[PDB]
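K.L.:
Below is one structure. I have some questions about it.
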Amino acid sequence: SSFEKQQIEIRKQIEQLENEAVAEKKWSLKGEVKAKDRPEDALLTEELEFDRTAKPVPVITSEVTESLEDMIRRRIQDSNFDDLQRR
Amino acid sequence: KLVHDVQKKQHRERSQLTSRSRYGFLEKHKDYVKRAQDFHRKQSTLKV
Amino acid sequence: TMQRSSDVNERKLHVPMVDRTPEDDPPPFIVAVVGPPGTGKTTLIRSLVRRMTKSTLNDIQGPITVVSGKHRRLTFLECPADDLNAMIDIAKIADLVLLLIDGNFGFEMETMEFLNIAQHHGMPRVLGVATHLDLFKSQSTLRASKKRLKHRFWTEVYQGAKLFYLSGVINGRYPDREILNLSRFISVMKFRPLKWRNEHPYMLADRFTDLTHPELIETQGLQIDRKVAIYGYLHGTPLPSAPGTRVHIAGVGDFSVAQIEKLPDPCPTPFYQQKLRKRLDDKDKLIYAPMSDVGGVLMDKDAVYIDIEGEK
Amino acid sequence: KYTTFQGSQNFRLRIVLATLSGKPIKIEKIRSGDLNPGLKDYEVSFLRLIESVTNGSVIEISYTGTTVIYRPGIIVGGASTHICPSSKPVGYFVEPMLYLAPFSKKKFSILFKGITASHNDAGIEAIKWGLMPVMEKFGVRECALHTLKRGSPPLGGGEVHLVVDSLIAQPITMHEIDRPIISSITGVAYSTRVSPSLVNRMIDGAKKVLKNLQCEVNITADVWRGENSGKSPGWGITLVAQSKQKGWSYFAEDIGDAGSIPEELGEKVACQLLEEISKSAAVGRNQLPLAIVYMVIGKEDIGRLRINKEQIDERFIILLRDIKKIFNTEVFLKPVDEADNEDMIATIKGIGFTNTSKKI
Amino acid sequence: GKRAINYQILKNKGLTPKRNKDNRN
Amino acid sequence: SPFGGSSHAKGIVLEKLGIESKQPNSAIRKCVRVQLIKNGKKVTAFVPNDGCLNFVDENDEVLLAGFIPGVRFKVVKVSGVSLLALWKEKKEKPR
Amino acid sequence: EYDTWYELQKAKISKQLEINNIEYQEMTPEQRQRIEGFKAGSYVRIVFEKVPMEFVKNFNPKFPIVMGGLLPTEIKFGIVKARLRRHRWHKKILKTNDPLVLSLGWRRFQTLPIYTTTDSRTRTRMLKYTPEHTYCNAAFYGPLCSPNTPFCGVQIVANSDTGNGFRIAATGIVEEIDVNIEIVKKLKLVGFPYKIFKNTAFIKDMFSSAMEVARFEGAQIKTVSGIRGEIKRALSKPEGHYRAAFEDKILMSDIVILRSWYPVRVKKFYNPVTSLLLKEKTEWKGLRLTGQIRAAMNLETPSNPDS
RNA sequence: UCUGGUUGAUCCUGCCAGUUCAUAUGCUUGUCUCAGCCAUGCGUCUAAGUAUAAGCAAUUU
RNA sequence: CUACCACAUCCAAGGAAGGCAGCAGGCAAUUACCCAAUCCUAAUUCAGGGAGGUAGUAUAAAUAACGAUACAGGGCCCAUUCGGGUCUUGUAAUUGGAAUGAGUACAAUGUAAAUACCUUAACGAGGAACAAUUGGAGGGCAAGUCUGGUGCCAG
């Protein structure tokens, strides 16, 4: 009957989860891991998020370049110059 | 005072790995500050 | 007095809630007789039925609907005490519960677990009934045991909760007066509105019938799926008249309502029957139990069973 | 299985009502006999808009485009941006979105870009002063359509930002068995990239028709210019009849095309509103589909809305028919006891719908 | 079939701080 | 008097405002907006703790008592059960 | 003008209820039936199809049969976010990916919940066990339900495995319905020092190759002593080695750690309890706990001497 | 009602802070001792006035 | 008991009958045992009495008392400040024999009978687990988490 057919399917899924619960955990799920424990270069395959200690060095893209030169032009248009003078 | 006894349970310390037993006892911040402060005393006196 | 009046008015306030109980012809209140095996669930129900309908049901199986008042009816269900799944689903539908506690032995797992399940799916009205108290040999230990049990029942259920005490069983019947005392309490019980119950439709199977043609059972075999009709009284929100409504049966699965039809009342309440400060007339009291043996006749499947010169 | 329906008729309604129900739907035979069969770009774009604000939905367009299988997800929302194709304006996409916004996990903060007006679609002001007020009546306290930039046809270039801060479990029960009294008539006459006289002349046409009334007439003279005036010149007028007693509104809208006289259009939209009022009892025809749905998704209580005989047309019938298959809800109508008019009271019950997608 | 209540369920002491034994008397 | 002559007050829990706050056991975590059943005036109350915030949920009855400035009230029972009793797992909240 | 707010809300509820009854009196009995349906108290006939063969055969009248209507959310299946705790009277804490017989609404089923913590609300981090005496966020796959619905959990329902212990294992309330979760596990890489120059140090065994180091250049690292450092560059020779600059000089016995996080997924397992369909009706058995499984195969609990 | 501040140190007047057999509510013990509405339930018999009981018992009563 | 005014019950609708239009409760167990004791009504010694009686449901104790041994030098008090003052101590160590209460209860007594009271055989303690609470003040711990910084810091 249909109901026992589903029971056979459930029993199959049980035995698979049965084996996985006792099977050795993957290096990703073992917490502490060493290069020897996991496959070499496995971290290339997996996407891992990590913090960076210091500010990244900026990239001078064009949009930065236009923004900087705009401010230079506005300073000279107003002659707002921070330069030393005789005292 | 609203802290339970369980919330204040001890968190125990780990030790050196057996493979690394030859490199010496595994140190902690409490041990590190002892060397850091004493090194600073050396440098300050050496500086003067 | 103003400070007192403020505090009493404080207790009167509650969260506003809508009770979906119909204003006319409400369903009987579901009484779940829950207790560990052997505490006396069956003898209680037989005692509880007799005080109402004047007739002993020698054998009880399934829900038992009985008249209790001029406009009140009750449906008695014993909880299968050895099944946990049976405690779960009854807890979600029992409007009233009679909790059987062996006074000599004390509380058991199967008791408080239902209380926690009942505590966790909506606490219904909870009534404790204490039994096997005649087993006590000393009055001093009986009173002390009663005090300990009633106080502990006050921890699970609101302090001052009503707890009944039953001494022994005679002729499969409890003492009349204690059996009579509980009558007045159950009659006057009002039931709080529960969120789960007042939002969904549910109904308890009074009887069970298989409508599959016998020929289909043979030409395909018993394995074939079966057309079934299940009867009973509706509770909670109204059930939509159009077929196809999705409904779950505990321990079975999800099915769709193939057909729906209303039938007249098998157990018409007194105020309803006569319609078609004065005491309930004993004619009006009625008992309707399809699966159970009422009188002397018991029906199972399609075979019916009864108890009972010219002879030549 | 899937509730199976025919043609592009009421396409969005059948997606949104599917979304509100959670019941998956199939719509087949979309313009099968046409030279260009299957879904058109705008209604493909609409399905993308549904996917953006719903989460877990499955949408399957057929090989020829003539069949869609829609399995709704939960309404989640969030901040997003939608590109409206030039075929339809933003108004085509904002109105069906108003059906879903109050019932989401997160607030709807969506930027719509493209043309903003047409002869057949709702304008900003129609949504703004014409359909949004009905939501204030239904319990959506905070909801706004911010107009950043207009785009007149054919080139468009407009931007409108929809915000519905009010998230409510279900719409409040409706009780309007009286024909609301209109206190005043307001409206907005708008133009882009063209001289302000066009707006004034538009208002001139409007006051001419309506000055016979005993009302205050105040139509806003509002003129776009500069960077934010769109990429095409255009103009339209929206006149609203407003009832301050119970916060009810009736509105008529249309835009002026090439060669048209602004006075002529102002006269149109003015007599247009008056025609709408004569055909209205509590809500206009352009608001009736909005009003009925929220009642069908209210709490399990009977709510009363008064409707005129002129409102119950083919549009009211198919719309009612669509609701029944999705919800199984039937709208009953009973005559009013009055003899002055022959209006009808449409009694509906909410299905007990609740906003389960919200964090509690 | 009959299963009795354990100590934790018979007292419901809950979670309490440890108290010195001189406090008993 | 804060309650107009009463020592305690009922209310209905509307929202836990600081539920999104980052710092654990914060004062902002600690506040819950409650609407008094007497008069419909919405107010805010203190709980015993982030653990005891966890028993309270929206739309449950709560008993209030006098106590971030601006908050003067303390919740002492929920649905007729003491929060301290629940916190000591000495009782179970009834639903 | 009512004295208290409470009776105002009661007045509105009563007014609607009074309104409701007036029109059903106005509707005809059949027209009422078409609109309201079958009200409570009605004795009704429900006919069902495709009912499984075992129900009618394995029918015990002593066991009740209960029917409950399902709302649209009840039909939908997905991930259920639940706040859960080990029952105070349950002896033992629950485990992640451990079967739990769970009762939502009218239905009972067995699932594999994932018990999680907000980490003070930066991220949903997987937890290995339930907290001893407090709630925790729980994620499991199954039929959806409206939020604020209380539930209860059990590990054993069969009489054979009942024993003497309390079987109510978990208690909780649902807070959200969606059809995934983004649970993550914290994965740290551990490397070892071999050459030290004051703050600067060379580390080994962190990475198998400079392929890995290049990705993690500049990443935050710390030692067990708490001294913070960075990955400055991968050393060409030998393969996998990199240079690190630390907040203070580290010692040879120190162990350097890089903190990172790996995503975790919820298992889509469903096994409704169908006790009534069984002859016993009291020996329903599903997925077994990890402890019993090891006992059946005679396996010791895994352990690490270093841990 | 008292106590400490406001002065380089005192007196006086001010300000600040701490200072119930009354009512509700919470935990424990109470193992001993002790103290207008509700259809809510519901006569008489001694030796001593009359025996033909087709009552009983006894047998010489 | 008669008529009248209202209430209300059963019915074969032809009639009959009631004073409950009561009592007791809530905003929920008033029950069970007796005429013995003080008294009484009667064709009376003996019969009976819901007269009457019997039973049912803030005040003093216990959670401990007495020794022996082993191992260690710190223990306490004052003082804003620096410091000063004082001596048999600590055990988060081992160990011995005694006492008895709550309980488990054989009896008699008590009484209309019975409960209770009083008296009284046997058993009854080391985690004496035969496991009273309530409130407050301080800590400290992680390859743990977060936030802001003038590194190893601060919250």
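Read-outs throughout are calculated quantities, based only on the coordinates presented, and are distinct from any laboratory measurement. Backbone-built Cβ (ideal geometry, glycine too); neighbour counts: all protein chains shown.
K.L.:
Between G:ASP119 and G:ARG45, what is the FRET efficiency for a Förster distance of 41 Å, r being their Cβ-Cβ separation, to the nearest 0.05?
P.N.:
Once rounded, the FRET efficiency stands at 0.15.
K.L.:
Can you give the Rg to Rh ratio of the stretch G:78-181, both from alpha-carbon atoms, with Rh computed by the Kirkwood formula?
P.N.:
Rg divided by Rh gives 0.95.
K.L.:
Turning to a different aspect of this structure: How big is the dipole moment of chain F about its Cα centre under a simple scheme where the beta carbon of each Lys and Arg is +1, that of each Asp and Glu is -1, and everything else is neutral? Debye, nearest 20, please.
P.N.:
Dipole of chain F, to the nearest 20 debye: 260 debye.
K.L.:
Between G:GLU23 and C:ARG4, what is the label-to-label distance in nm when each label sits 7 Å out along the Cα-to-Cβ direction?
P.N.:
4.8 nm
K.L.:
Using alpha carbons only, how many degrees (0 to 90, rounded to 10) separate the axis of helix A:2-22 from the longest principal axis of chain A?
P.N.:
60 degrees
K.L.:
In debye to the nearest 20, how big a dipole does the stretch C:1-141 give about its Cα centre with +1 on each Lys and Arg Cβ and -1 on each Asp and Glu Cβ?
P.N.:
In debye, rounded to 20, the stretch C:1-141 gives about 680.
K.L.:
Still on this structure, please answer the following. When a/c is below 1.5 the answer is rounded, else prolate if a/b is larger than b/c, else oblate, so apply that to the stretch G:125-244 with a ≥ b ≥ c taken from the square roots of the Cα gyration tensor eigenvalues.
P.N.:
Verdict is prolate for the stretch G:125-244.
K.L.:
Related question: Compute the signed sum of charges (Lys and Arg +1, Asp and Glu -1) over the other residues within less than 14 Å, Cβ to Cβ, of C:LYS162.
P.N.:
That works out to +3.
K.L.:
Calculate log10 I(q)/I(0) of the stretch G:162-307 for q = 0.14, 0.15, 0.16 Å⁻¹, where I(q) comes from the Debye formula with a single equal point scatterer on each Cα and nothing for solvent.
P.N.:
The Cα Debye sum returns log10 ratios of -0.85, -0.90, -0.95.
K.L.:
What's the extension gain from C:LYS137 to C:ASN104 if we count 0.36 nm per residue and subtract their Cα-Cα distance?
P.N.:
10.9 nm
K.L.:
Is the C-alpha gyration tensor of the stretch D:99-248 telling us rounded, prolate or oblate? Criteria: a/c under 1.5 is rounded; beyond that, a/b larger than b/c is prolate, otherwise oblate.
P.N.:
Because a/c hits 1.5 or more and a/b fails to exceed b/c, the stretch D:99-248 counts as oblate.
K.L.:
Provide, for q = 0.13, 0.16, 0.20 Å⁻¹, the log10 of I(q)/I(0) from a solvent-free Debye sum over equal Cα point scatterers in the stretch C:192-312.
P.N.:
Calculated log10 I(q)/I(0) at the listed q: -0.82, -1.11, -1.34.
K.L.:
Working from the alpha-carbon coordinates of the protein assembly as shown, get Rg over Rh, Rh being the Kirkwood radius.
P.N.:
Rg/Rh for the protein assembly as shown comes to 1.01.
K.L.:
Treating the angle as unsigned and between 0 and 90°, give the value, to the nearest 10°, between the Cα long axis of helix A:62-77 and the longest Cα principal axis of chain A.
P.N.:
That works out to roughly 20 degrees.
K.L.:
Also, quick follow-up: Give me Rg/Rg_expected for the stretch A:1-65, where Rg uses Cα atoms only and Rg_expected = 2.2 N^0.38 Å with N residues.
P.N.:
Its radius of gyration relative to the 2.2 N^0.38 Å reference: 2.18.
K.L.:
Normalised by the empirical 2.2 N^0.38 Å for globular proteins, what value does the Cα Rg of chain C take?
P.N.:
1.13
K.L.:
Moving on to the next point. Find how many whole Å separate the alpha carbon centroid of the stretch G:91-166 from the alpha carbon centroid of the stretch D:284-357.
P.N.:
44 Å
K.L.:
Right, something else. Rounded to the nearest 500, what is chain D's calculated 222 nm mean residue ellipticity when only DSSP H runs of at least 4 contribute -39500 (n - 2.57) each, over all residues?
P.N.:
-8000 deg cm²/dmol
K.L.:
Can you compute the FRET efficiency between C:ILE170 and G:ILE13 using 1/(1 + (r/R0)^6), with r the Cβ-Cβ distance and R0 = 45 Å? Round to the nearest 0.05.
P.N.:
Result of the calculation: an efficiency of 0.35.
K.L.:
Near B:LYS47, which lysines are there with a Cα under 27 Å away, not counting those fewer than 8 places off in the same chain?
P.N.:
B:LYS30, B:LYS34, G:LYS195, G:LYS198, G:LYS249
K.L.:
Local charge sum around G:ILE22 (other residues, Cβ-Cβ under 15 Å, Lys/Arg +1, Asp/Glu -1)?
P.N.:
For residues surrounding G:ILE22, the net value is -3.
K.L.:
On a 0 to 90 degree scale, rounded to 10, what angle separates helix B:29-47 from the longest Cα axis of chain B?
P.N.:
20 degrees
K.L.:
Need one number: the % of Cα-Cα pairs in chain B sitting beyond the 17 Å mark.
P.N.:
Everything past 17 Å amounts to 63 percent.
K.L.:
Quick check: convex hull of the Cα atoms in the stretch D:203-242, volume per residue, rounded to a whole Å³?
P.N.:
83 Å³
K.L.:
Counting only other residues whose beta carbon sits under 13 Å from that of C:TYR231, what net charge do I get with K and R as +1, D and E as -1?
P.N.:
My count for the surroundings of C:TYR231 gives -1.
K.L.:
Could you pull out which residues in the stretch B:1-41 have an amide N less than 12 Å from a spot 7 Å beyond the Cα of G:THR134, following the Cα-Cβ vector?
P.N.:
B:3-9
K.L.:
If the stretch D:178-274 were replaced by its equivalent ellipsoid, with semi-axes equal to the square roots of 5 times the Cα gyration tensor eigenvalues, what would those be, largest first, whole Å?
P.N.:
Value: 26, 14, 11 Å, ordered largest first.
K.L.:
What is the pair-distance distribution P(r) of the stretch C:1-66, computed from all Cα-Cα distances in 10 Å bins starting at 0, with each bin given as a whole percent?
P.N.:
14, 28, 18, 21, 15, 3
K.L.:
Shape call for chain D from the C-alpha gyration tensor, a ≥ b ≥ c root eigenvalues: rounded (a/c under 1.5), prolate (a/b greater than b/c) or oblate?
P.N.:
oblate
K.L.:
P(r) of the stretch D:242-302 in 10 Å steps, Cα pairs, percent per bin?
P.N.:
Whole-percent P(r) values from 0 Å outward: 19, 37, 27, 12, 4, 0.
K.L.:
Please find, in a Gaussian network model of chain G (springs between Cα atoms separated by less than 10 Å), the residue of G:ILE257, G:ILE46, G:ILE221 whose mean-square fluctuation is greatest.
P.N.:
G:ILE46
K.L.:
Tell me, what is the FRET efficiency for B:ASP5 and F:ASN25 to the nearest 0.05, using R0 = 22 angstrom and their Cβ-Cβ distance as r?
P.N.:
0.80
K.L.:
Let me ask you something else. Between G:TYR129, G:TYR262, G:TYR194, find the one with the highest GNM mean-square fluctuation for chain G; connect C-alpha pairs within less than 10 Å.
P.N.:
Highest fluctuation among the options: G:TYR194.
K.L.:
So what is the diffusion coefficient of chain F in µm² per second by Stokes-Einstein at 20 °C and 1.002 mPa s, using a Kirkwood Rh over Cα pairs?
P.N.:
161 µm²/s
K.L.:
Ratio of Rg to Rh for chain G, alpha carbon only, Kirkwood?
P.N.:
Ratio of gyration radius to Kirkwood radius: 1.16.
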